[PDB]
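These notes concern the structure reproduced below.
Heavy atoms only: backbone and side chains are in, while hydrogens, waters and symmetry mates are out. Reminder, nothing fancy here: chain letters follow the sequence lines and each chain counts from 1.
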Amino acid sequence: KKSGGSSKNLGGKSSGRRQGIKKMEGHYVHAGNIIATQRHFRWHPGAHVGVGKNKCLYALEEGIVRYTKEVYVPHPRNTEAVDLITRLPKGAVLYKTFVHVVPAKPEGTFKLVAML
RNA sequence: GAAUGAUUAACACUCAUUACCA
RNA sequence: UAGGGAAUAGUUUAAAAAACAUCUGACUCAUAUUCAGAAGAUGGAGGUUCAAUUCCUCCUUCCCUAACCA
RNA sequence: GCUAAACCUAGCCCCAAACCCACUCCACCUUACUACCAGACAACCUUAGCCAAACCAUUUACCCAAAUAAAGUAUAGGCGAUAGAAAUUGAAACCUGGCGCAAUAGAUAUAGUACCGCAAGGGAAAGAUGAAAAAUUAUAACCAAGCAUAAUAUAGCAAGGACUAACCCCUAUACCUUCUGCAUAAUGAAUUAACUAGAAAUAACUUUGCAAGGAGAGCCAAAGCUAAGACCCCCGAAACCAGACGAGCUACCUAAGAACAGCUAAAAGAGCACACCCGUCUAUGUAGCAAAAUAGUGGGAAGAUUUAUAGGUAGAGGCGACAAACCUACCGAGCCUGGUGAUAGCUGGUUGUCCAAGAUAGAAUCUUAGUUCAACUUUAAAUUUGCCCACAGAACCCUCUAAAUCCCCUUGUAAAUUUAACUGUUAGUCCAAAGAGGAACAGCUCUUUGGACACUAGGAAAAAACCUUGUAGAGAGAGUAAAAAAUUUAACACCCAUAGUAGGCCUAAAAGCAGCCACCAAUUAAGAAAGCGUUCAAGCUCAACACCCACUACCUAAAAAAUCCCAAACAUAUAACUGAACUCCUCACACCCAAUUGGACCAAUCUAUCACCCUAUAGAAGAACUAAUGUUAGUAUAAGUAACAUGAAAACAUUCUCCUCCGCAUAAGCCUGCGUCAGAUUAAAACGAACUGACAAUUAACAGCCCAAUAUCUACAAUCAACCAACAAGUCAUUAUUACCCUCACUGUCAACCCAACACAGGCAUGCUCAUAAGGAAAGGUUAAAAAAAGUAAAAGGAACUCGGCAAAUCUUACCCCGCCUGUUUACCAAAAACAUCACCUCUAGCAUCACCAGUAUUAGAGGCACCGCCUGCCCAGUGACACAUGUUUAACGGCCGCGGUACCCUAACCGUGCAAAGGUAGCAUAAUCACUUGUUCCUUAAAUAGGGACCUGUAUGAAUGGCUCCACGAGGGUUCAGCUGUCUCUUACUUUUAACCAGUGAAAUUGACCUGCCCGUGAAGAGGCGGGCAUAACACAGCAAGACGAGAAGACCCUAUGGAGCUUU
RNA sequence: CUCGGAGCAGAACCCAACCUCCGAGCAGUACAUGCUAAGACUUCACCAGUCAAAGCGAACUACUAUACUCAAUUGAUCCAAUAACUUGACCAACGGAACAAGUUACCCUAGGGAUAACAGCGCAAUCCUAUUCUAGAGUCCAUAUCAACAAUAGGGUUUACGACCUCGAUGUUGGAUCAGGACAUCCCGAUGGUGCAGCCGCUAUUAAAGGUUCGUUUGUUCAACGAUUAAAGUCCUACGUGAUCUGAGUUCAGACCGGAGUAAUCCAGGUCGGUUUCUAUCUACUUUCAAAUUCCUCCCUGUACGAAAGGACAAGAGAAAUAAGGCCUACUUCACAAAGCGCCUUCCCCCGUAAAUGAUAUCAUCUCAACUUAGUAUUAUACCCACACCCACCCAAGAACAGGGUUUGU
RNA sequence: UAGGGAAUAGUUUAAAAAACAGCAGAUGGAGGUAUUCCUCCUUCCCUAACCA
Ligand SMILES: [K+]
Ligand SMILES: [K+]
Ligand SMILES: [K+]
Ligand SMILES: [K+]
Ligand SMILES: [K+]
Ligand SMILES: [K+]
Ligand SMILES: [K+]
Ligand SMILES: [K+]
Ligand SMILES: [K+]
Ligand SMILES: [K+]
Ligand SMILES: [K+]
Ligand SMILES: [K+]
Ligand SMILES: [K+]
Ligand SMILES: [K+]
Ligand SMILES: [K+]
Ligand SMILES: [K+]
Ligand SMILES: [K+]
Ligand SMILES: [K+]
Ligand SMILES: [K+]
Ligand SMILES: [K+]
Ligand SMILES: [K+]
Ligand SMILES: [K+]
Ligand SMILES: [K+]
Ligand SMILES: [K+]
Ligand SMILES: [K+]
Ligand SMILES: [K+]
Ligand SMILES: [K+]
Ligand SMILES: [Mg+2]
Ligand SMILES: [Mg+2]
Ligand SMILES: [Mg+2]
Ligand SMILES: [Mg+2]
Ligand SMILES: [Mg+2]
Ligand SMILES: [Mg+2]
Ligand SMILES: [Mg+2]
Ligand SMILES: [Mg+2]
Ligand SMILES: [Mg+2]
Ligand SMILES: [Mg+2]
Ligand SMILES: [Mg+2]
Ligand SMILES: [Mg+2]
Ligand SMILES: [Mg+2]
Ligand SMILES: [Mg+2]
Ligand SMILES: [Mg+2]
Ligand SMILES: [Mg+2]
Ligand SMILES: [Mg+2]
Ligand SMILES: [Mg+2]
Ligand SMILES: [Mg+2]
Ligand SMILES: [Mg+2]
Ligand SMILES: [Mg+2]
Ligand SMILES: [Mg+2]
Ligand SMILES: [Mg+2]
Ligand SMILES: [Mg+2]
Ligand SMILES: [Mg+2]
Ligand SMILES: [Mg+2]
Ligand SMILES: [Mg+2]
Ligand SMILES: [Mg+2]
Ligand SMILES: [Mg+2]
Ligand SMILES: [Mg+2]
Ligand SMILES: [Mg+2]
Ligand SMILES: [Mg+2]
Ligand SMILES: [Mg+2]
Ligand SMILES: [Mg+2]
Ligand SMILES: [Mg+2]
Ligand SMILES: [Mg+2]
Ligand SMILES: [Mg+2]
Ligand SMILES: [Mg+2]
Ligand SMILES: [Mg+2]
Ligand SMILES: [Mg+2]
Ligand SMILES: [Mg+2]
Ligand SMILES: [Mg+2]
Ligand SMILES: [Mg+2]
Ligand SMILES: [Mg+2]
Ligand SMILES: [Mg+2]
Ligand SMILES: [Mg+2]
Ligand SMILES: [Mg+2]
Ligand SMILES: [Mg+2]
Ligand SMILES: [Mg+2]
Ligand SMILES: [Mg+2]
Ligand SMILES: [Mg+2]
Ligand SMILES: [Mg+2]
Ligand SMILES: [Mg+2]
Ligand SMILES: [Mg+2]
Ligand SMILES: [Mg+2]
Ligand SMILES: [Mg+2]
Ligand SMILES: [Mg+2]
Ligand SMILES: [Mg+2]
Ligand SMILES: [Mg+2]
Ligand SMILES: [Mg+2]
Ligand SMILES: [Mg+2]
Ligand SMILES: [Mg+2]
Ligand SMILES: [Mg+2]
Ligand SMILES: [Mg+2]
Ligand SMILES: [Mg+2]
Ligand SMILES: [Mg+2]
Ligand SMILES: [Mg+2]
Ligand SMILES: [Mg+2]
Ligand SMILES: [Mg+2]
Ligand SMILES: [Mg+2]
Ligand SMILES: [Mg+2]
Ligand SMILES: [Mg+2]
Ligand SMILES: [Mg+2]
Ligand SMILES: [Mg+2]
Ligand SMILES: [Mg+2]
Ligand SMILES: [Mg+2]
Ligand SMILES: [Mg+2]
Ligand SMILES: [Mg+2]
Ligand SMILES: [Mg+2]
Ligand SMILES: [Mg+2]
Ligand SMILES: [Mg+2]
Ligand SMILES: [Mg+2]
Ligand SMILES: [Mg+2]
Ligand SMILES: [Mg+2]
Ligand SMILES: [Mg+2]
Ligand SMILES: [Mg+2]
Ligand SMILES: [Mg+2]
Ligand SMILES: [Mg+2]
Ligand SMILES: [Mg+2]
Ligand SMILES: [Mg+2]
Ligand SMILES: [Mg+2]
Ligand SMILES: [Mg+2]
Ligand SMILES: [Mg+2]
Ligand SMILES: [Mg+2]
Ligand SMILES: [Mg+2]
Ligand SMILES: [Mg+2]
Ligand SMILES: [Mg+2]
Ligand SMILES: [Mg+2]
Ligand SMILES: [Mg+2]
Ligand SMILES: [Mg+2]
Ligand SMILES: [Mg+2]
Ligand SMILES: [Mg+2]
Ligand SMILES: [Mg+2]
Ligand SMILES: [Mg+2]
Ligand SMILES: [Mg+2]
Ligand SMILES: [Mg+2]
Ligand SMILES: [Mg+2]
Ligand SMILES: [Mg+2]
Ligand SMILES: [Mg+2]
Ligand SMILES: [Mg+2]
Ligand SMILES: [Mg+2]
Ligand SMILES: [Mg+2]
């Protein structure tokens, strides 16, 4: 019985974050429902979709979730993204995946309240 | 260590040169 | 096989200094001692920091310890 | 037919009621049960711990004076576990009963007896007629295991299907527990009978009552509330604490006793050697003679000796020449009782029938042998989707542009979620697939997806994990599913060869063929040469011509293990057939998973009411046993086995043979225990009797049982006590005065005997006998096998045996290590080098009326070391102790060095430099001293890892936790000369025992059941029991030890447990 | 030992190893990092953690301004401090006990084959063997002999690995005793090759009937050494065999030395000492009756061979050892007999190859062509073989039983 | 962490001086009415904490 060695690799024991899409294409969401969670921007917020401080995407309106591909124009103040687009060959357009909520209900209705 | 010179009255030294198991 | 420590001038130590050794001079008839001068160093490689012997990392050499119970 | 079986009483339990309490005479706290004398001692003083807190450390309910209620409230608490009031409230109360037991129950109880223990203390078993036994030839019978009547016939979990037929044929791997998985060679179990194990709240559910109320004050209430039904086991540690009991064993001590021949020396912890004490070595023995013995051999035996008697020290302790010894057979700390039903996440066990549902992501945890939450699983309830899935849709960065997934209408289907209430599972195996670790090893380890297994059946030889197949019954129908192993191998050309030229160059030589360049040309045809060869050449081939139909294939290679190959066989008759619990068929249908969960029934018993040859509806409960190394009893198996016993003849008078270990007596112990008579009860055999009943008996002079007061007295051992010389300094003695006229009581007295469970080869003090005047018998009979035991003798050799000369024989030499010596120790595996010890040294203490001590520093106590001889070096920084102003102290705890260079190499008188309290000094050294190591050399042997003497840096020797020499001593360890021998070469013969046979008597462990073969294979991985073969009428007796993973002891090694205990400690 | 990122885990989520890599236990800027509140996420439970519309109050009409940048950057309850707000652990064993280390070989109990040591089994890295390949060595020459880089198989003796049976026990080294088996043969037999003249060797094929020594030191298995031998084989059998033995070693309780430790005590160390039970129920077995192996001497022969030196084989003869089976005349132990140290007997084959003839293929060719020879045994033969006289007696027969004799039953 | 106290030349003292160390040299820092009055901060000491 010879004495053995030991592994020099510590840590690495974190559990899965359980991130990803919570509401798939066509699903009905109420306002506030989290649509997806992510560590980096895999899906970008579209129409009526808010983005949390932790990049969490949530519904701003009640409706149907839709995923589309759209042209990506960064904010002129986002230095890193602007540096990329300026170095692109002319004629080249960046695309990204966006998630939207199509509002299902109208903001309200006018109802007869009195006959004065 | 060897040879060679330099050195000495001649040497030694020194310097320089050469070639099982429970 | 596992573990801890160390590496500084040619030599041996210190927190970039002393000691001698080495070279220079003086004293001696000459040598030593002595006196006055002079030079010389942070095992290797990589990185942090404006700056690293002094913060970390791997390798080499060496040392010390353990390597058991039926 | 035996053994047995059966019984209904004895009494007992729980309540009620009631307060309770004895007495002849005599004896009884001293040694209890003892007629009768001078004393004066006197009682109180907090429970602890197990356990719970998942350890444990504060803490952890224990009637304390009225049931209920307030209330598990206030409050307390590692604010944890758990503990827990009061104010206030306020009831009933008629002993003579029982849905209690009925001889393993109920009290332990026929009895606190027998029996066990020194003691405290522990503590049984069992009986059965009838009206009458002054009816006893009575009261029938049938029933457990075990046997008998009546042994057995190839073959195999002992049966099943069957059959004319018991067997023969075919099929079939006991049971429980425990596991991933057990025929397993894993656990338990000889068998029978009896006994022997699920206790309850919180909620919820079900069924009644009443209902915004319910309830027979308290409580609850936004349909509640009241009542009922229905769920929560048994045995087991090592421990801990309290109070008693123990020093008749043993350790040590106190008082007063006893023993020690002979010889040598005559001085002796001196030698030889009895008694006596001890226990070195070997054999025997190992449920024995013996819970430590016997035989031989050994150590001691005038001393630190051995030993009888009484007394002392007691468990948080004693005692100890320290062995963790010994303290009543078992002491890392006694025993008993109690706390106590200690606790156990650990093993084992857990009792009627039938059906149903039912296999598993993970998280935390002093946690991974367990728990809680999730998940899965079960039941009840609610109302609404569940599952399968169409498009569309879900990322860039990056190398496998993976198999897929997610989402999802339709559709095919019938589930799903939610509410209420719980338990169990949370120690996992193989296969396919994607990977990781390892060795692209594992029946290996780790994740993922799926399957199977832990449930069925068929198949793959046997076969958990592969294939086929699942839903349950009957059938002497039927169709099928999976389902059988194929292959066979290496020929090959014939014929012929002149030449520019030995091409050029290089080279000693290079001539087709060491290298470099060219590679042209003669002959119809032949490379300025493709393979050999020659030192260079020669020489043999191939590519050429001619001859001429070689008319090639151009794909490939073996083998070996251990008990014995392994179905038998077969190349030839027409695609089929066989084959399940699948499916069909006639009839029927709840009727094949562990843990767990739901449900339907039910034996017997008691009670209410029925019933009335053994029942019904209900209510109850000590309500069901193929398993706990279970408890008690009975009887088997081993087994008529192991083992045990009586000297001979005779007229039972006596005599003979042989032992003598003794023997007689006293003390202690014991208590009628071989005397008579009468019984046939019996001695490990036997009708004499030690057993039963009765009747007798031991007679004091021996011994025990003693003494008026007060004061006073007592320097001068003993040893033949005389010479002589001692130390350890000793067992023996009065007087004065007063008082005192009396007599022979009382008790022990036996034996073949005590302590050891026994009629035990053991233990057991003293006197005398010293081999006997006393006391005894080794052989039940026979035979004369093996193996075994105890002896005797042995050719030639003489340690060649062996770890070792163990044992035996003979009887001796020299040396080494350790310890000075005599002595002491682990009673029962160690007798030693361990302890003690004379000697030496350190430390403490200036003193009296209970040890030390009736002592006083030349003393006493606490320690170290270990006579003597030579010695005991350096260090006080650290720790300790002492001392105080620094400090002192090692024969206190302890310690006592590097790195680099210099005489060729080894080495360094030497030199540099750092460190320290000091740097290991003298000695000794391959050691009983870490390895290296069988170091080197001399001696020893034919040969030596042995032994002796040296050399040694031992970098881990070393100086009172002592170093080194040396006399004497040693059942210490090692070596050796000589001799001796059956130790051996190499065994043999005889005797005794045992043995075997006959007769009597008659155990133990063990035992699931057995109808109890061998081979290969298989398998929970080593098969009498499975597969394939082979073998095979039946049954004794004697041997053997290869297997039955043989018996015996719940492995002492190892790990685990929030299990113990002893010891040490900063 | 807690936390985060990446791979394993390629595409929703999840996913382990004492697996592979890299990090964290802060820092910086704000000071509305103010208040409040729909709807959601969630590390597979809980605890904890995460994102947020609207609204209030601010800011604001220049600020990718509105839950700050940032991946992790962290700690429950009780309790303590504090007027309040609020703060407090490398509680890092990081779901955290308010506070507790050693040692036990003097040990104990409960369990575990859920887990080690022995053996089996699995596996074959390691170990051993064979073949393939043709570099190299062997003067030349690959293949007499040896052999690199590699390749393909086999073996199951080593050291490991795994943890499947066994811990209500499968007794652990070496030796004694008795051996069963494999052949990968050490000796003896039969053959091919040789860098084989001969004598000796080397290598390969075949052969497991028979055989395979005694001693000094060591506990040894081994190893060294002495002396022999035809040879002193390699292995398996629970590293065969302790209900047959042994107990030197190893591995309990005593003790010493060196070393470690404050000590208790301890060490792969060394050293002295240290209890080895069992009456056999079952299986199996208790005359495989009887063919023998080997060395040496003489002779062949100083022949064959060879320059010499040296020096055979076959046949023949003799004498021994061992083994097996018997026996007692003598010797010896002994004495109506049993014994050895004495005497007597002992018998067949071995298949690897070497050669003819002769086809496929009109030569040739020893032929998994037909065939011929070396070249083979029904292994030979041997032993055993007739039986109610049998009460009893005797016995060279024997445990009992059985057997022989009794014409040897006063 | 809490308070108490303290800070003079490199060092240690005095009431702006001497002594040592190497003619230089100082009133820890900031603010205020100046070593000498007060306050905050730094460093250090003292004393008590450092629990959960
Ligand atoms: K997110
Ligand atoms: K405990
Ligand atoms: K009783
Ligand atoms: K069982
Ligand atoms: K088995
Ligand atoms: K098993
Ligand atoms: K067992
Ligand atoms: K006493
Ligand atoms: K068990
Ligand atoms: K547990
Ligand atoms: K099949
Ligand atoms: K040439
Ligand atoms: K008596
Ligand atoms: K005895
Ligand atoms: K002794
Ligand atoms: K000191
Ligand atoms: K020696
Ligand atoms: K020597
Ligand atoms: K002795
Ligand atoms: K046997
Ligand atoms: K923890
Ligand atoms: K392996
Ligand atoms: K075991
Ligand atoms: K020996
Ligand atoms: K059997
Ligand atoms: K004899
Ligand atoms: K041919
Ligand atoms: Mg990860
Ligand atoms: Mg994880
Ligand atoms: Mg001159
Ligand atoms: Mg507890
Ligand atoms: Mg404990
Ligand atoms: Mg009250
Ligand atoms: Mg009773
Ligand atoms: Mg019967
Ligand atoms: Mg059969
Ligand atoms: Mg198992
Ligand atoms: Mg099975
Ligand atoms: Mg069994
Ligand atoms: Mg078990
Ligand atoms: Mg209950
Ligand atoms: Mg306690
Ligand atoms: Mg007590
Ligand atoms: Mg006594
Ligand atoms: Mg006395
Ligand atoms: Mg005498
Ligand atoms: Mg004496
Ligand atoms: Mg004597
Ligand atoms: Mg004593
Ligand atoms: Mg001791
Ligand atoms: Mg001891
Ligand atoms: Mg006792
Ligand atoms: Mg219990
Ligand atoms: Mg079912
Ligand atoms: Mg914890
Ligand atoms: Mg678990
Ligand atoms: Mg759907
Ligand atoms: Mg789980
Ligand atoms: Mg596995
Ligand atoms: Mg030519
Ligand atoms: Mg030429
Ligand atoms: Mg040429
Ligand atoms: Mg030619
Ligand atoms: Mg040539
Ligand atoms: Mg031509
Ligand atoms: Mg040709
Ligand atoms: Mg069916
Ligand atoms: Mg059916
Ligand atoms: Mg009935
Ligand atoms: Mg019952
Ligand atoms: Mg029963
Ligand atoms: Mg039982
Ligand atoms: Mg018997
Ligand atoms: Mg007998
Ligand atoms: Mg008298
Ligand atoms: Mg008498
Ligand atoms: Mg005695
Ligand atoms: Mg007599
Ligand atoms: Mg007798
Ligand atoms: Mg007898
Ligand atoms: Mg007899
Ligand atoms: Mg003899
Ligand atoms: Mg010998
Ligand atoms: Mg001798
Ligand atoms: Mg021998
Ligand atoms: Mg002897
Ligand atoms: Mg002694
Ligand atoms: Mg003893
Ligand atoms: Mg004794
Ligand atoms: Mg003894
Ligand atoms: Mg001693
Ligand atoms: Mg002395
Ligand atoms: Mg000293
Ligand atoms: Mg030198
Ligand atoms: Mg010295
Ligand atoms: Mg040594
Ligand atoms: Mg010897
Ligand atoms: Mg030392
Ligand atoms: Mg010493
Ligand atoms: Mg000392
Ligand atoms: Mg003496
Ligand atoms: Mg001696
Ligand atoms: Mg003695
Ligand atoms: Mg017998
Ligand atoms: Mg008999
Ligand atoms: Mg048994
Ligand atoms: Mg088998
Ligand atoms: Mg028999
Ligand atoms: Mg069996
Ligand atoms: Mg056994
Ligand atoms: Mg056990
Ligand atoms: Mg405890
Ligand atoms: Mg969650
Ligand atoms: Mg807002
Ligand atoms: Mg934790
Ligand atoms: Mg966590
Ligand atoms: Mg010991
Ligand atoms: Mg045990
Ligand atoms: Mg296992
Ligand atoms: Mg093993
Ligand atoms: Mg086995
Ligand atoms: Mg293999
Ligand atoms: Mg060559
Ligand atoms: Mg094997
Ligand atoms: Mg496993
Ligand atoms: Mg067993
Ligand atoms: Mg054999
Ligand atoms: Mg062979
Ligand atoms: Mg063996
Ligand atoms: Mg055996
Ligand atoms: Mg021994
Ligand atoms: Mg020691
Ligand atoms: Mg002894
Ligand atoms: Mg020993
Ligand atoms: Mg034995
Ligand atoms: Mg026997
Ligand atoms: Mg011949
Ligand atoms: Mg021919
Ligand atoms: Mg021909």
Q: For D:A302 and D:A270, measure between their P atoms and round to the nearest Å.
A: 9 Å
**Q.** Where the sugar of D:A721 falls when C1'-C2'-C3'-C4' decides north versus south
**A.** south
Q) At under 4.0 Å, does any side-chain N or O of A:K69 touch on OP1 or OP2 of D:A395? A) yes
Q: For E:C41, take OP1 and OP2 only and decide whether either is under 4.0 Å from a side-chain N or O of A:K22.
A: no
Q.
Pairing check on D:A777: which nucleotide meets the Watson-Crick or G-U wobble criteria with it, both distances under 3.5 Å?
A. D:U657
Q. So, is A:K53 near the phosphate of E:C68, with a side-chain N or O under 4.0 Å from OP1 or OP2?
A. yes
(Q) My understanding is that a pair needs two contacts under 3.5 Å, Watson-Crick or G-U wobble. By that rule, which nucleotide pairs with D:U96? (A) none
Q: Identify which nucleotide among E:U50, D:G393, E:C63 has an atom closest to any side-chain atom of A:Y67, counting heavy atoms from C-beta outward.
A: D:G393
(Q) Can you give me the dot-bracket string for RNA chain B, 5' to 3', counting Watson-Crick and G-U wobble pairs with both distances under 3.5 Å, using [ ] for crossing pairs and | for partners on another strand? (A) .((.(.........).))....
Q.
Using a heavy-atom cut-off of 4.0 Å across all strands, would you classify A:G52 as base, sugar-phosphate, or nothing?
A. sugar-phosphate
Q) With rounding to whole Å, what would you report as the distance between D:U82 and D:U372 at their P atoms? A) 15 Å
Q) Hey, which of these two, A:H40 or A:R66, hits RNA chain D nearer its 5' end, going by closest nucleotide? A) A:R66
Q: Describe the nucleic acid contact of A:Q19 in one word from base, sugar-phosphate, nothing, applying a heavy-atom distance below 4.0 Å.
A: sugar-phosphate
Q) Roughly how far apart, to the nearest Å, are D:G527 and D:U501 at atom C1'? A) 15 Å
Q) Looking at D:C407, E:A71, E:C51, which one has an atom nearest to any side-chain atom of A:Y58? A) E:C51
Q: Going 5' to 3' through nucleotides 15-29 of chain E, assign each nucleotide B (protein heavy atom under 4.0 Å from a base atom), S (under 4.0 Å only from sugar-phosphate atoms) or - (no protein heavy atom that close).
A: S----SBBB------
Q.
Need one value for A:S3: base, sugar-phosphate or nothing, where a base atom within 4.0 Å counts as base even if backbone is also close, heavy atoms only.
A. base
Q.
Nearest to the A:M24 side chain among D:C407, E:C41, E:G39, which nucleotide is it?
A. D:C407
Q: Applying salt bridge (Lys or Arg N to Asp or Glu O under 4.0 Å), name anything that partners A:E70, two or more places apart in sequence or on another chain.
A: none
Q: Determine the contact category for A:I34: base if any of its heavy atoms lies under 4.0 Å from a base atom, sugar-phosphate if only primed atoms, P, OP1 or OP2 are that close, otherwise nothing.
A: base
Q: Find which nucleotide of RNA chain D each of A:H27 and A:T97 is nearest to by heavy atoms, and output the residue with the more 5' nucleotide.
A: A:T97
Q) Using Watson-Crick (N1 to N3, and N6-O4 or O6-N4) or G-U wobble (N1-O2, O6-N3) distances under 3.5 Å, do E:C161 and E:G122 pair? A) yes
Q.
What's the closest nucleotide to the side chain of A:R77 if the choices are E:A71, E:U64, D:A392?
A. E:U64
**Q.** Face-on cation placement of A:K96 at A:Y72 ring, 6.0 Å and 45° thresholds
**A.** yes
